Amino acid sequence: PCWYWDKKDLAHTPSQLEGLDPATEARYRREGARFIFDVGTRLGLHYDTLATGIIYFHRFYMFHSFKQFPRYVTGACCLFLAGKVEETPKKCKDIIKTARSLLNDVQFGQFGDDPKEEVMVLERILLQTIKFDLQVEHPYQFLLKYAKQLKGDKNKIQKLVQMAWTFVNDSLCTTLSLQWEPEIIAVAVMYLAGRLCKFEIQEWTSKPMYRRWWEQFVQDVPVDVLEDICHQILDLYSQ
């Protein structure tokens, strides 16, 4: 199954087809992704388990509208399924408890008066939507893998990884996971953090003369792609 669309396709999602404002859907995905990130954090979940649920969440709304399916209910269902897939399972009851603590009275209204049944029913739909393609990999894996092949100042390289890690967490609030493979995202956040800290990442590679250091990690990726991914991440902080 192919899990990657282009921006033209992202401008024609089932949500926007029902007349939803493209800027509002972007907001709904931010709220939803950050929701899964928050609930899972308070339950002390692996950083991959969080990202797994978010990718389920993003993929779900490529086939379903936000006007038909409440985001916080879907996110809770994604986190629940992700816990079993990544084998760090949490009781569905305890997810709702965490959800009630984070959400206000209006937001929690999406779960109705019986949140458990509302989430359990949705799981049958979620599995069908993701076509039982449960296993997913995230930029975190490749971020550490690529950074462990850089010869240079241990202090500067360490800082590069920290900032890059933050940018990966931010990219999960975007549709980037639906756009590019994790290997590319892992590179892009290194590219961004490198440009911000004025780090010459090439000077840490086997070929310091070559300027496109990333071509030893990912194949056929123009600088336009990396630059584009940066701008999608940077506009999160923008207002």
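In this text, residue numbers run from 1 along the sequence as written. The term rigid core refers to the maximal set of C-alpha atoms that superpose within 1.5 Å between the two forms.
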- in 8 other deposited structures of this protein, superposed by the rigid core, which stretch departs further from the shown form in CA positions, 170-178 or 200-208? 200-208
- Task: Return whichever of 192-200 and 31-39 has the greater mean Cα B factor according to the PDB record.
- Result: 192-200
- Task: Decide which of the stretches 110-118 and 154-162 has the higher mean C-alpha B-factor, going by the entry.
- Result: 110-118
- Pick out which of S65, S206, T174, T49 has the highest C-alpha B-factor in the PDB entry. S206
- Ranked by Cα temperature factor within the chain, is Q135 in the lowest third, the middle third or the highest third? lowest
- Note on the structure: Entry-reported C-alpha B-factor of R71 relative to its chain, by third, is lowest
- Message: Considering every modelled residue of the chain and its Cα B-factor in the PDB entry, is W3 in the lowest, middle or highest third?
- Response: middle
- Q141 by Cα B-factor - lowest, middle or highest third of the modelled chain: lowest
- Where does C92 sit by CA temperature factor within its chain: lowest, middle or highest third? highest
